[PDB]
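What follows is each chain in one-letter form.
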Amino acid sequence: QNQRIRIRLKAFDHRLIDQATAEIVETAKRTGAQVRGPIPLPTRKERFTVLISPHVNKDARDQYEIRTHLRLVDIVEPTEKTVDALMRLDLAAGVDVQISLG
Amino acid sequence: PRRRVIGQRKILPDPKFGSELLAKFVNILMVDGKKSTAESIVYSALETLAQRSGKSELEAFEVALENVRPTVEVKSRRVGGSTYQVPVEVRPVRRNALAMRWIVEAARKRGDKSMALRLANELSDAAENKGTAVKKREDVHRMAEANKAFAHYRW
Amino acid sequence: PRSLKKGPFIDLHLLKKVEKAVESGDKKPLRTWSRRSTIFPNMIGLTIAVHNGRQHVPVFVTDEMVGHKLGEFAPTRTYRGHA
Amino acid sequence: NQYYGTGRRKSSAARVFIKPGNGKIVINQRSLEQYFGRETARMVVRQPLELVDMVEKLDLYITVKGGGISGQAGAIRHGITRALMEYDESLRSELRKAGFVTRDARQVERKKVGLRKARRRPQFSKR
Amino acid sequence: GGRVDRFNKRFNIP
Amino acid sequence: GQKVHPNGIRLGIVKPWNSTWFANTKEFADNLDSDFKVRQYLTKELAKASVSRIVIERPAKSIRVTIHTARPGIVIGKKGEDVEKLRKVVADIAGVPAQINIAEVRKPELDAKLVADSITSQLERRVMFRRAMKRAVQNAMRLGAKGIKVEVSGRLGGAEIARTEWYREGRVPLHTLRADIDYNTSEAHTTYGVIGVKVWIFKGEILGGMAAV
Amino acid sequence: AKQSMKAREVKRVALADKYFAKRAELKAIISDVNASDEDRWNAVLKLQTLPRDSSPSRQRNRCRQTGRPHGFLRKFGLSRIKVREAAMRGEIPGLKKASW
RNA sequence: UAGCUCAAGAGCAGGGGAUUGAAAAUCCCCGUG
RNA sequence: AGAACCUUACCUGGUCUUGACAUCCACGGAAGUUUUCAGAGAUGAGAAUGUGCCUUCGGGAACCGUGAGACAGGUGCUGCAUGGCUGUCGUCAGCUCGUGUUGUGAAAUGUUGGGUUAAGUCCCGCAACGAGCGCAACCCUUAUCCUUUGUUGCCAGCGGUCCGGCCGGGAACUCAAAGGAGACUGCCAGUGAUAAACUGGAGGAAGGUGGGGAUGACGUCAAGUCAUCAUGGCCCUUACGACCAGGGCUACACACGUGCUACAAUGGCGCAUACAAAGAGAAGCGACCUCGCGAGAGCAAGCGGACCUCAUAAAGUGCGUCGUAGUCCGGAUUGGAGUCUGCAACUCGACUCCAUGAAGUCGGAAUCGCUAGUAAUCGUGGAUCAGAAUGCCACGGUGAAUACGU
Ligand SMILES: [Mg+2]
Ligand SMILES: [Mg+2]
Ligand SMILES: [Mg+2]
Ligand SMILES: [Mg+2]
Ligand SMILES: [Mg+2]
Ligand SMILES: [Mg+2]
Ligand SMILES: [Mg+2]
Ligand SMILES: [Mg+2]
Ligand SMILES: [Mg+2]
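Residues numbered from 1 in each chain as written, not as in the entry; some residues may be left out. Chains lettered and ligands numbered in written order. Part of a larger assembly, values for the part shown. Heavy atoms only, no water.

Method-wise, the PDB entry is recorded as coming from cryo-EM, at a reported resolution of 4.46 Å.

The record lists the entry's title as "Escherichia coli paused disome complex (Rotated disome interface class 1)". According to the UniProt record, the Function comment for chain G is "Binds 16S rRNA, required for the assembly of 30S particles and may also be responsible for determining the conformation of the 16S rRNA at the A site." Entered under Sequence similarities in the UniProt record, the comment concerning chain G runs "Belongs to the universal ribosomal protein uS14 family." (UniProt positions renumbered as here; feature names shortened; annotations may be inferred.)

If you check the PDB entry, chain B appears there as 30S ribosomal protein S7 from Escherichia coli. If you open the UniProt record of chain B and go to Sequence similarities, you find "Belongs to the universal ribosomal protein uS7 family."

Structure, rendered in structure tokens:
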């Protein structure tokens, strides 16, 4: 749209990402930017099964999972200061961010 | 069943006549969970039976069961050293089950182009007290009449 | 089988050998440790010692063998009977 | 006005909007007879109606997604049940006794390691 | 026959 | 063929992971092997430095690595030249710059990792296995541990026959994930076979602590 | 697997990497229709000469620590037991017990 | 007199399948001139 | 959780030796490139080419190659040397200890007796009193409500619309992922030693442990694994080490184990046609459109993914469809002919096509699972993976019968 940027946060925890989410939303509102709510998207759960035994006995299998949390926030008004602020802003190492305007 | 007392599961009545008896019948006849084909065969078989003998579907169906339904069976009780075949009266609910069961068994045995054709003739013969299904009732009663002497210790 | 769009596959070592053989009329067996190649019209009438795993079986290429591979004419297992 | 209810049977979620009219139960724009086939399905959806007074005096707007005939049909029935209770707060008695207010919690059991299905186990050999 | 005739037409013969 | 690893079962609730770097299905594979190699290297160079948990975080284009030790002064050194050289050598193995923290290990006795390392050093020096266990147990109990359970397995005493003694004092629950039991493992490479060591230190339930703070 | 087998594996991938560009273009000529018949045949012969190893089908997935040729997993790399080991001690970022 | 032991029958013995922690025993099925 | 070569440890054909990998010093060459040819390939000749980087201006990090040494090397040996992981009894309710007491003593007691419970679960009892690993709970997932949040998800109330949530609009609802709430034997009554417990009943989405999954006590079997690895000792070491070309690991007079598919008219095809979940995907998924029996192919959008893609759900229904036949059942097997994967498809791949159309008409003795969304059923997905699933793992759809009882 009018240069609007959508920010996608990707992590592996249900807390870290929410904690980091507050920072990325509170900042924009503080500087006076309308940031869309931290919409929750389905947490992809990849499921793996592995033989737990070095040899025979193929019933002793284990079930693993990876929960990838992905929150998304939209800022309709791309004010220069806020955009530049979010850029320089450093976020928790645990979470990852894909900054794309489109 | 060692300790767990079991109640009774409620079954939905059949869509057409609203009969609990017939809903159980299609369940026993059903194979591979294919209900839709089961009642279609049964309903068409009932239409043939009703037209071939005049009587209403529901009244005709009940008469066939009444003429095949057994009243006494032989249980297997390990009395003392060696087990004997103890005759035992059968509860009314179980009566319905065995009657319907024999019908389906006898149907599959008989040779006919369509099982619908089978069911119809099968019920018709049962109402006349003839056919394979009713033959079991005398055989079951003969087993329970020849062994009627062992009727003082049951389980 | 192999795709028709790719044509026939032949080993260059064997391929080089047959070229020399045809231009000189050689009759000595062709020593080859390979079997993946296919029968070409230019090998007709030659004798090739095809490896089977331990030894080289001499096979005389004939007219009817055109289009087949060297592998179909070199049995790899020695089987007489179970009794 | 609008009366809302939520139904769920296996994996289907049904949204029911109740407003008076001439019945004509619409299920995902399509008509009743069109959406449902097997006679049993249509009978169960209409069970609460006959059970109460408004058998067809009012109308039923239905949107359903996911699952199959059973799930969808059962969830529609369940939604109607809750919505009628919200409308009258008096149908509980008959509905509760008819086991309609209870949410059917039976779901497909997950597959387990070492078994081919929920409970079926590979054929066993004693010796 | 054909063993060679087939080979001839099927393959481009480069 | 029984008893699961108490750390793993509690890796989401209670116990935290030792690596919290998000990634995808591409870079992830590589990162793992580099983490593997660096940890083994560091453990060899500081097996005598009472290292306990070499936490490794991979921030955006960074690899912050932490080290829990009970002798930080030994590790650092006068003006810490030793720490500085470690950073350089570890960073080249996987590229990218590196920042090193030293999370000092207060009361080393309560850390099962440290205790098992000490016990195994004794066994290499041929110290009466029975003595070692009693010492470690008493040390933890006096320093404050709701429970301790230490297990020893292998060709103890030198004989060719196996053996698995274990001493336990206090509550050492393992079916309550609301606990905080640490279970390190150690492979003492004694002359005869490879005596193994596993220790559970029930430091105390994290009921109030919930999952994280 | 032995250390030697791991050494042979890394040699296979290294050789394929060096000739990766040549193989990609050479097969493109083969695959592409309308190309001269003689050109396609020469391309086939060139691939033969081209070291076998260079083919990406000559690599067997092995554990990056032990080299086990069986039980490999693309995701998480490692191997069967190796995954567990890292995940069990708390080195894999996110894995845990599944109770769905 | 079927490989024995008697009448090309039967049985015994043969094989296979059962049953045996496991083998005889036993059960079945078949080949038995 | 996947032998065409790879793998492979096997055979066999040919190479080779401080060795492929491993250091250590000197040594030579930057490394490296491009090509030629010997040859099955290993290995072996040839060339041309560059000849660096780093301080420093020598020589160094390198690297490639020679030699010497020490060593390297074994999927060699030993699981009755071990670690470690795993099976098992058994999710069975048990196993213990302290202290005291008793008995010469090994032991006993606690831990049992009367109740109760899924339970050494609780209650009385009581030379025991305490404790602890279990049990239970704490976890995850499902079931109803709330709040928060509206994405691409949603579309009620909106009006316009191409009738397409499409597009404005909106935040209703679905859905989602966070916080929560909620079932507690709590409540009600009954029974029971005035207990513990049980029983019914109300309420309630949900009743006794609401439904799963996770979680295996002390130990047993000198259970299995040295070929994951580590490791102890022995043995090997121009070879029991290593390279590479071909085969074998798919051999077949033979028996079993586990799957699959059929022995049909619940079918059997034809057409029409309704409804899912779960996933995966960047050298990948690949819309499309065009061609091709098909398989495919060209053509190439988009998609790192609640957006695009795989993608068709099929069981089901609508009419028609044949008449019990080895069948319009089923339909292995082959005689061929295409595509596709890949150095490479014969041994020994997979799919599409032609032609072929068996056995098999519910299977002796025997023996398996299962008691609910289970069995039975019918799809779909996914890991492994160049390609190669009736195997495994998941995910839906449909959907029973039976329990007097011990
Ligand atoms: Mg491959
Ligand atoms: Mg091979
Ligand atoms: Mg053993
Ligand atoms: Mg005592
Ligand atoms: Mg207890
Ligand atoms: Mg428990
Ligand atoms: Mg043993
Ligand atoms: Mg063994
Ligand atoms: Mg095999």
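What follows continues from the structure just given.
**Brief notes about the overall build of chain G**
Helix and strand counts for chain G come out as four helices and zero strands. By principal-axis analysis of the C-alpha atoms, chain G measures approximately 60 × 35 × 20 Å. Taking all 100 residues of chain G together, 38% fall into the buried category. Surface summary for chain G: the accessible area is close to 5,900 Å², and the carbon and sulfur share equals 55%. (Helix = DSSP H or I, 4+ residues; strand = E, 2+ residues; numbered from the N terminus. Buried < 20%, exposed > 50% of the residue type's maximum accessible area, 1.4 Å probe, protein only. Areas by Shrake-Rupley, 256 points an atom, 1.4 Å probe, with all protein chains shown as cover.)

**So, the interface of chain F and chain G**
Across the boundary between the two partners, chain F contributes 21 residues, which contact 15 residues of chain G. Carbon and sulfur atoms make up 55% of the surface buried where chain F meets chain G, a total of about 1,600 Å² over both sides. When the area that chain F buries against chain G is broken down by residue, the three leading residues are F:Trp17, F:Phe28 and F:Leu32, summing to 30%. Put simply, chain F and chain G have three salt bridges between them. Applying the counting rule to chain F against chain G returns eight residue pairs in polar contact. Those elements that provide at least two residues to the side of chain F that touches chain G are α1 (6-9), α2 (27-45) and β6 (181-187) of chain F. The element that contributes the greatest number of residues to the side of chain F that touches chain G is α2(F), accounting for eight residues. (Contact = heavy atoms within 4.5 Å. Buried area = accessible area lost by both parts, 1.4 Å probe. Salt bridge = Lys/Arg side-chain N within 4 Å of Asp/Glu carboxyl O. Polar contact = N/O pair within 3.5 Å; in protein donor to acceptor, adjacent residues only side chain to side chain.)

**Comments concerning the sheet that holds strand β3 (residues 100-102) of chain F**
Residues and elements named next belong to chain F. Strand order across the open sheet formed by three strands is β1-β2-β3, with mixed pairing between neighbours. Taken across any chain shown, the strands that pair with only one partner, and hence form the sheet edges, are β1 (51-53) and β3. Going across the sheet, the axis of each strand differs from the next one's by a mean of 40°, ignoring polarity. As paired elements, strand β2 (residues 65-69) and β3 share three bridges and run parallel to each other. Bridge assignment links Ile67 to a residue of β3, and that residue is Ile102. (Pairing = 2+ DSSP bridges. Axes fitted to C-alpha atoms, helices over the stretch in contact; angles between N-to-C directions.)

**Some remarks on the environment of A:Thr79**
All names here are of chain A. For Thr79, the position within the fold is in the loop between β4 (61-75) and α2 (80-88). Judged by its relative accessible area of 26%, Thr79 is partly exposed. C-alpha separation for the pair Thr79 and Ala33, spaced 46 residues apart in sequence, amounts to 7.4 Å.

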